[PDB]
Every structure is written in C-alpha cells, then in structure tokens.
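Scroll down for the structure; my scribbles are underneath it.
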C-alpha cells in the first residue's frame with residue numbers, strides 16, 4: 001500500500017508492485033552438467049565427460 | 001541423443017558417457033592348408049601343450 005485504505009475492490013492506483021527478478025533451478029542429469037545459474041551474469045556452460 | 005540403428009559403439013551406461021572399449025576386430029587368421037590331414041613337428045617353436 002501507499003497509504004491507509006478502507007475496504008474495497010483492488011485499485012492499482014493505491015498499491016505498488018515491487019520490482020523483482022527471477023532465477024533458474026538447474027539440475028545436472030546424466031551425460032550433461034551445468035555451471036552457474038545464468039541470471040547473475042554467470043554464463044551457463046555445460047560439459048560432457 | 002544416441003542412435004538406435006545399431007551402427008553404434010558409444011552406448012552410455014550410468015555415468016555421463018561410455019567412451020569406447022574393446023571393439024569387434026575381424027581377427028584375420030593365418031593361412032590354413034591340409035589342417036587335420038597333415039601334421040607338423042618342430043623343436044624351435046612347436047609346443048605340444
């Protein structure tokens with residue numbers, strides 16, 4: 001909320017979304033692996049061996 | 001992705017990858033002649049064992 005409010009339907013004029021980001025959950029499987037989580041500028045490099 | 005045509009030697013078991021092991025060599029045998037009809041005896045190389 002921006003200020004106190006009484007009961008009523010949702011009004012986008014009063015609230016405020018909170019800027020947020022996201023990540024990726026990576027699970028190495030047989031024959032392939034991954035390095036990092038990508039979103040943090042750690043490029044996702046995969047190796048096979 | 002591994003193929004199923006059977007023209008394959010890299011079938012991967014548990015673990016990331018198989019690499020390769022003993023492959024089906026032809027084993028070109030030496031010449032045969034009068035195999036069980038004529039017999040050879042020698043001291044330099046023969047071995048009755």
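Read-outs throughout are calculated quantities, based only on the coordinates presented, and are distinct from any laboratory measurement. Neighbour counts run over all protein chains shown; Cβ positions are idealised from the backbone, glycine included.
In chain A, the inverse of the mean reciprocal separation of distinct Cα atoms equals 14.8 Å; this is its Kirkwood hydrodynamic radius.
What ranking of A:31, A:3 emerges when the number of other C-beta atoms within 10 Å of each C-beta is taken as an exposure proxy, fewest first? Provide the component values of the computation, followed by the final result.
Numbers: A:31 14, A:3 5.
Final ranking by Cβ density, sparse to dense: A:3, A:31.
For the protein assembly as shown, the calculated P(r), taken from all Cα-Cα distances in 5 Å bins from zero up to the bin holding the longest distance, is 2, 7, 9, 8, 7, 6, 6, 6, 7, 7, 6, 5, 5, 4, 3, 2, 1, 1, 1, 2, 2, 2, 1 percent.
Under the simplified labelling scheme, the residue A:47-residue A:26 pair shows an inter-label distance of 1.3 nm, with each label point 7 Å from Cα along Cα→Cβ. Can you tell me the FRET efficiency between residue B:44 and residue B:21 if r is taken as the Cβ-Cβ distance and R0 is 41 Å, rounded to the nearest 0.05? Given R0 = 41 Å and the Cβ-Cβ separation, E is 0.65.
Comparing A:28, A:37, A:11 in a Gaussian network model of chain A, where Cα atoms under 10 Å apart are tied by springs, the biggest mean-square fluctuation is seen for A:11. With the cut-off at 14 Å, report for chain B the share of all Cα pairs above it, as a whole percent. For chain B, the share of Cα pairs beyond 14 Å comes to 74 percent. Counting every other Cβ atom within 10 Å of each residue's Cβ, B:9, A:18 order from fewest to most as A:18, B:9.
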